[PDB]
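Trainee:
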Amino acid sequence: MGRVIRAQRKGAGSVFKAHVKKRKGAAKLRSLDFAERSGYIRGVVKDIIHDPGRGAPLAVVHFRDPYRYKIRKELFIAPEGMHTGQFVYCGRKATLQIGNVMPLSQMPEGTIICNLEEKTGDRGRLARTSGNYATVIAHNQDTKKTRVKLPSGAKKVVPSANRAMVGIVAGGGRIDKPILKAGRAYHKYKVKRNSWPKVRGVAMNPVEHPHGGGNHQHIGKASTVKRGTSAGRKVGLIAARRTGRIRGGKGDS
RNA sequence: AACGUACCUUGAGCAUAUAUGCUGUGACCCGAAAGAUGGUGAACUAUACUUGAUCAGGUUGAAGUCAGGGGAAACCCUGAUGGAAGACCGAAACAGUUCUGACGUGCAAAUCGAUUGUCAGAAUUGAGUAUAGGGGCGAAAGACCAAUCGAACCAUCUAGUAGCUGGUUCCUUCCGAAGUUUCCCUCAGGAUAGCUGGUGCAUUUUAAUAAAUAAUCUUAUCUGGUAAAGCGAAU
RNA sequence: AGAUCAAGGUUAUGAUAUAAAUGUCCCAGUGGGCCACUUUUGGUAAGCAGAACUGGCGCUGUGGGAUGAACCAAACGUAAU
RNA sequence: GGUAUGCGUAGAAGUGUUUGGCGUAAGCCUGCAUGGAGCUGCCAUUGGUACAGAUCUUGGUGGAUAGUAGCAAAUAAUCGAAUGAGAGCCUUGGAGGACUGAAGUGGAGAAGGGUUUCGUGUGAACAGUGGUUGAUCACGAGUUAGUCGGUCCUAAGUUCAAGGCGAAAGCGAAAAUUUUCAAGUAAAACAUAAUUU
RNA sequence: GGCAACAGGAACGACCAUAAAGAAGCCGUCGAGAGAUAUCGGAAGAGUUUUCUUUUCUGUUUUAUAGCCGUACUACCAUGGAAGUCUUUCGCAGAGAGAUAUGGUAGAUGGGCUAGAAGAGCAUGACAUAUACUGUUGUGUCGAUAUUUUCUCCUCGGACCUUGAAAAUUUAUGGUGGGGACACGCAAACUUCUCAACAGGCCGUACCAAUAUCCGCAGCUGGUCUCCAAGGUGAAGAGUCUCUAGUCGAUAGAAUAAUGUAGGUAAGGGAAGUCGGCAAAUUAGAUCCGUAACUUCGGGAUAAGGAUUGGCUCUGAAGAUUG
RNA sequence: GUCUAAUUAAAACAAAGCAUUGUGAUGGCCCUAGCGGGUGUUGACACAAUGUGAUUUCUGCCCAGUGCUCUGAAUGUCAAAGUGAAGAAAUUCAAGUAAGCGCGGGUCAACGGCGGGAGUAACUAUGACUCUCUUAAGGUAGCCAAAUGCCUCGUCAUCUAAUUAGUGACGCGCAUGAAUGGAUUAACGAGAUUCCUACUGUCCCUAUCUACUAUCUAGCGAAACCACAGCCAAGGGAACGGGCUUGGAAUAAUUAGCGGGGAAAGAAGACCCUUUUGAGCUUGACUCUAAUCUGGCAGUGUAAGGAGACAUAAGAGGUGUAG
RNA sequence: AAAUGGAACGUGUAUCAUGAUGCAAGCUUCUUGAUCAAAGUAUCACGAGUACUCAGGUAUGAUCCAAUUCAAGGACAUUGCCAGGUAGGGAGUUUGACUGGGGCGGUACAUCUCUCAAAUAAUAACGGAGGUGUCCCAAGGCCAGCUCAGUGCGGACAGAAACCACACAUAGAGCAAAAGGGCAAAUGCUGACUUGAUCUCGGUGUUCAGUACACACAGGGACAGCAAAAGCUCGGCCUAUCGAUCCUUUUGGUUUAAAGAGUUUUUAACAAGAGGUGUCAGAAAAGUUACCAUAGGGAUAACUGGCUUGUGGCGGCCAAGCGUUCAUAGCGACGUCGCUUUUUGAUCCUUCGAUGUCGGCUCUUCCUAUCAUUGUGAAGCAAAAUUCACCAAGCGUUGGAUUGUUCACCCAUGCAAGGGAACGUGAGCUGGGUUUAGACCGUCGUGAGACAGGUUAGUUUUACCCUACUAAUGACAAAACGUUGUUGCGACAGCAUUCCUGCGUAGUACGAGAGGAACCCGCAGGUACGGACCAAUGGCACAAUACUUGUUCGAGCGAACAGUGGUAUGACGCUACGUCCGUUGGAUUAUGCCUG
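UniProt numbering puts the first sequence at residues 1 to 253.
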């Protein structure tokens, strides 16, 4: 027979969750209440708290409720320059200053942002990670449209009433310091996921991979897998338009 | 009137008892690698997680800092002070290399004794909890999953099948072979005729108180190109 | 060619018949063989293979070449000569 | 099932046998010696019917040896007194030699053991040698809590209300949808108020 | 009450509200302390004696919970206005966002005397009592010196794409209301004060805790979680050796054959031996130099290549308190 | 640093690094019998899937074959439903006709590839060259008898008293080579491959001594194994006896040793052919298979515009001799 | 699921000549506090108690108006079936056989001839030579005429050249194809004319079980075709030129069945063929396992023995010649014929319910086809040197560089280095290769994966049994006799010493000389083993004793303990590296001579 290939085991938890005991409380953007649609609000940052499992720094902040009596604590992603004791603002009437949070219809093109929301209400699921920057380069007053450039480079269209946090987001650049040994990039995957310190194909014994095994060690069967074969055959490099060296430019239009 | 018939041409079957086979299930006997449906265990071990815990003393001096000294500036220059790194030699912790040394019906279903490696981290680990049999897990050997691992482990459908091996039990009397042709995904087996044995049954002036046969020579009659020849015939 | 009368020696080569004559069970087995003489391919060849015609060995003891399944005598109820 | 007015505690079945005999042979008949309650012959039938064998199953038992193999790692035991039927021990207590060396062969804790801990008494197996003491038996006792601790809290995670699907069992399941699926709160009419997923 | 930091015997929570604690990983650290020990001296009694030794020994203790003194030690308060910069550690840390100072505040974990302390009890020995659950006498006195052969509070810094759990229970504060609340007093106070009665259920407890109680079919050199942890030499928790505790438990008295089992030396030459320099030998500690090529300029570095190293008798140096 | 736990610890693995590849959430990778889960307390400096391998230094040419996607211009294929025509009807064809494969490009840090022939230089030898053949393009920069050169004990110096080796260099290289990665590489190894330095019973060649055994004695006391079984030659045989025919021969019971013989015993051949035997495994092998892609109906709504005057209210055309 | 959307005032802007029109609009941003729990207002309760203690309500504060909780997607996802494609991810499978073992070749798997075949027939192997899966409307059917292979003489252009003529033409040709056979007014050339290459019924021939297919053959009946007739014709002149069910499918009577009865279409059936099974009596069918697990096999190999010897080591013979001459000193070509078993294949006879299979080490042994030593003889043998050849197994046949080796090839000793045996030998080792499990490389296969090609890494096991053998002791009995001495004899079996060296012999003999008798012998010595002893010397240690570290013994003796502390000397022994030793009789091969 054979096995589930090392692709296919990843959905059974017990050596494949994320080790999230020390992660720090489900960071999202603020919700749409009445006030951020109508006016604005003032909140205050009290400490900057680290997120083992990120690279990024968080942002701990609280607010006084327009409806209840208590304080209500939330967790942003860190805009750049965020000193503690900064006075944040969240509103359509809230004027642009880093790092406030304001909807797209009240800032022009040319600004950069972070923590972009696509669907107005779902509080910020776009382009927040370390060392990138949510951008908008297009306004359109016909049916309230604003095109944006994600850090992919592929520029796509979002609605305009959604919210985002103005400015670049803290953390970059943690690709340009080589981790340099097999003890730090143990701990780089101590608490992010549990991948392997990953093990190649061509010396898996060829019943428990596609590729490996043979008299030499060689991929042997060719290495461009289909559109949709039989999850999980797809170990390789899935549906590759190009392959190989790029002797040139690759940015999109 | 031609030809096929398992046909009638004055009927013979059934009812069981017996014996030998051929055939179908346990099919003479025990025997296999495996296929299945269900439950099963992480109490070594792969392995993350949780929470605990421990791992002696020693050499090498990293940035940072410290004045002395030179020079136009940039600042170069010994002296220290400082204790960082997956850094080194080493001990209980662990590992298991070469001796292919000590017992190889042990001390043992893997250990003892000399030797060797790491030893402040990819470290070492007690408990809790996940992961499941064609899958778990694997710093990848098809290792490991309870002395089992190229698929466990435990009861069944399971007396599962075998052209393949082992055994196939009392005495005398009578008779006494095969190893061949064909056919077959056969060439180690089966059917098939062959030989044999049994069962009587019909009958000879060749069977019952020859002028009729069937087998070896003769007599007669056809039948073949092998020796022996034959090149002063063919080929 | 057929039926039916007429004539017809002693039946027509030798030597026998331990008896001849047939229908079932398709009856249990067995479908691997071996050797010598001549006759004989394959090979230089062999205790090899490959055969036609017999006899034997397997089935078989036996007296004889000490010995030896086949060689040569003879094919094995119990007994004396 | 029929049968022989069948033998049988005045010895029936098998067991031995240097008593005697019949068959070609398998097998009986017979004498003696155990033995203690049931047995065979003719003729009809018949069942799981006679064994040298199956690397046969089970239970005794050989030679080698029934005394060979070997009980050789951890420095190494010793005279005298007891007592004892009897002592190289262990069983003591008297000396006094050397080990274990405080990352012990030392004192107490965990898992697992389950009566071993203790006195008293002892015969045989038990202690790969003995045995007067033993982790063996015999026979007795022996574990006390408000403070040590389980108990409460919650961790990774068991998926463990009925929204759901499956023929049902049940689900290698971040069950976040499930009138109120609120704990409620000394409370006020007129779902006690903003509150609790 | 205090200029304050905060102080005091107690003096307004019923809810709502923040804010902490409850809440730590791991590394090296100067400060103190605990006990473990070690030398010095009084004591008390034991050790040995040919010979000598004012000598080698045991033993001197005081628990929790309390009250009072109550500094190590960082951070605060008042003052004050520092450059000729200054203060401070093993470090770098510090300063007109107030440094040195002058005094104070609070944490004392720490100690030290007194409560605990019947010569408490205990212990070291005295004497006397057939002796017995007896009797009674005496002692408990001081300094010092060091250590991670260990724990502790405190202090700062260190690696780090490694940032180091939750929650039961809990304090104080904030808070609108509301309830106390007369001055000739009677008081009262879930009062967070003093103090008296009153119960606190459930079960687990003996022992081994591994060369004889576990699992290894067994009393089997085998794998088993941690805890205490001494004299000497010395780098040291090494390794050799004894005190302290405990063991002789591995079948025995005998006997000098091979071969084997392990620990060895062997005159010459020294790899020829054998698959091969593999078992095995030299080297090994520390100080003093002396260091080659190749380097990514961090090495190679203990390179190699050397010298030196007892015992005994001495001078020279490195400190603290009172100057 | 990691693994074969019980014969493989290394040249396999593991990195760090480097170029790629899908995904902007209706998502990609994926468990799923089905409902909902993992990735994800998340979001291109994150996730998923890879080939390699520090770095120092360069990534040689090729899109034919298959793998591969395509903003892909496509009559040549092409399934049901649905729509047409015949037919009394089951049925017969028609018009159709989407995705695939073919068809058109893009790509090798995707698998993998990367030739011979003659001639030719005032000696010879050569081949700077010249011609021709043919391919998707012709092994490029470097290396080498490499761990990879049949011929092999290559050809040449050196190490050596004398070296099939180890170093060097030489290239027609059976079958060297650029991330299936090429060529140099400084620091460490239970890594292999050789010559010195030290060296020693490794040996020339054995010499001896201590530790417990055997051995011998007192207790204790088994196991595999065994046709009965043991004196060899020659001959026969089933062909290298222990008995068989002739010989040689042959005097008990037994200890200490040793392994030449018992074709000694292990384990029902691990190699090997064989079963009309089965398990692993692979795609250019037979048939299917979950996932996936795709067309229709189903569930499934209300209006608009246009593309279809279809059925349909309603209008209008006629010239051959003659008349 | 908090403020959904319009409308109204609420201020400002612009235009309209104070309005309408549209808009901004209604409110917290300069600064780590913080706000909840109704005040205000209004009118009622407008009170109760009784000015007096104390009373609520609504709405405003805090705008109306309509409901869907909010966006975003919409008749598309999702989901139900069916519609085809991709789909080794995953499941079940098979992957023949024949064969001097297997592959890998091979068709010799059905099928045809010539032999192989021993004169009936029959018949063998992967024996020999081949052949076939076609081809032909004429190459068929049959009457008619007319005879070719060649070769002679010929004939403008005319040879190997054409075409006509004439003779000889026994078939030397033709006949579709291989090979045989037949074949002469045919079975050929040419010509005529036609479809018998037809329908039909059953038997018969060779394949053999006297089956089936197939192919031939003779009929009976028909319908014809040529020829005047008789006749000839049911395909190639005869030995090849080919197939069974299931169906698909025609052609068919103008045929029955559809089970209640019609009619009509469909299928269904019978009968002749064809589509098809070349592995030819008929499965639809690719790989490999160095991870592989089983039934077994000597019916079948690798290893060990065994007969055989193409191979090779191995001699004989006759002499063509060489050897200055001289064939035969030594040689011996061309050809002639013979033994061994070291290999090298052969073969498959034994062991597959296991014979531990390659080297070196240690170690006994035997063997002649003799290297050199003893005794000769030969020569182109002067001598020295060396060659030949007979007899001869007695001691001897080595120390090293690479390799894993036998050989190979070195270096050196040697006055000098020969071959061979039970594959001698793994319960004696070693494990370096080789022939498991790790792992890389080059190519070949698309790959898991092979590679008589290279790397490196890997458990090598039990004896106490019985003979065999070294050493150990020994009994009743037996016997020309006892229990027990001591002292003897040898039948008997083993048998071990060895070869060099120098000096003489002497520069002698000899030789022209050069060179040179290491001649006979005597003397001295030396190698290896062999047997022993220890005085001296080397080793090892009376672990007795002296210097000595660490710790306890209070201090002073010790060697107290560190499983032998380390060191140095060290007597008894035991030992080699040292020592002392190892020999004489009698037959008689090879041979010379003796006499005859």
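For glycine and all other residues, C-beta sits at the position ideal for the given N, C-alpha and C.
Taking the alpha-carbon positions, what's the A59 to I71 distance?
Mentor: If I take the Cα positions, the gap works out to 16 Å.
Trainee: Three Cβ pairs or more, each shorter than 8 Å: is that satisfied between the stretch 160-168 and the stretch 120-140?
Mentor: Flag = yes, the stretch 160-168 and the stretch 120-140 touch.
Trainee: So if DSSP puts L126 in a beta bridge, which residue, or which two residues, is it bridged to?
Mentor: In DSSP, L126 forms a bridge with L116.
Trainee: Can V101 and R3 be called in contact, C-beta distance under 8 Å?
Mentor: Going by C-beta atoms, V101 is not nearer than 8 Å to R3.
Trainee: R54: buried (16+ other C-beta within 10 angstroms of its C-beta) or exposed?
Mentor: Classification for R54: buried.
Trainee: Among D65, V20, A27, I49, which one has its Cα closest to the Cα of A35?
Mentor: Comparing Cα positions, the closest option is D65.
Trainee: Could you tell me which residues DSSP puts in a beta bridge with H50?
Mentor: DSSP lists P57 as partners of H50.
Trainee: Quick one, are the C-beta atoms of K10 and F16 less than 8 Å apart?
Mentor: Contact: yes.
Trainee: Going by C-alpha distance, which of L75, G171, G228, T229 is nearest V44?
Mentor: If we check each option's Cα against that of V44, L75 comes out closest.
Trainee: In angstroms with no decimal places, state the Cα-to-Cα distance between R241 and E109.
Mentor: If I take the Cα positions, the gap works out to 33 Å.
Trainee: Could you work out which residue in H209, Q86, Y186, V191 is closest to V20 when comparing CA atoms only?
Mentor: It is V191.
Trainee: Hey, would you say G201 sits closer than 8 Å to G212, going by beta carbons?
Mentor: Yes, they are a contact pair.
Trainee: Spell out a yes or no on whether the stretch 77-87 and the stretch 170-177 are touching, meaning 3 or more CB-CB pairs, one atom from each, closer than 8 Å.
Mentor: Enough Cβ pairs lie closer than 8 Å, so yes.
Trainee: Compute the Euclidean distance between the alpha carbons of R37 and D176, then round it to the nearest angstrom.
Mentor: Between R37 and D176, the C-alpha separation is close to 41 Å.
Trainee: Give every residue of the same chain whose Cβ lies closer than 8 Å to the Cβ of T120, excluding the five residues on either side of it in the sequence, and list them in chain order.
Mentor: Closer than 8 Å at Cβ, skipping near neighbours: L32, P159, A161, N162, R163.
Trainee: Using the Cα positions of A26 and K46, report the straight-line distance between them to the nearest angstrom.
Mentor: Those two C-alpha atoms are separated by around 18 Å.
Trainee: Using beta-carbon positions only, say whether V199 and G99 come within less than 8 Å of one another.
Mentor: Taking 8 Å as the Cβ cut-off, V199 and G99 do not qualify as a contacting pair.
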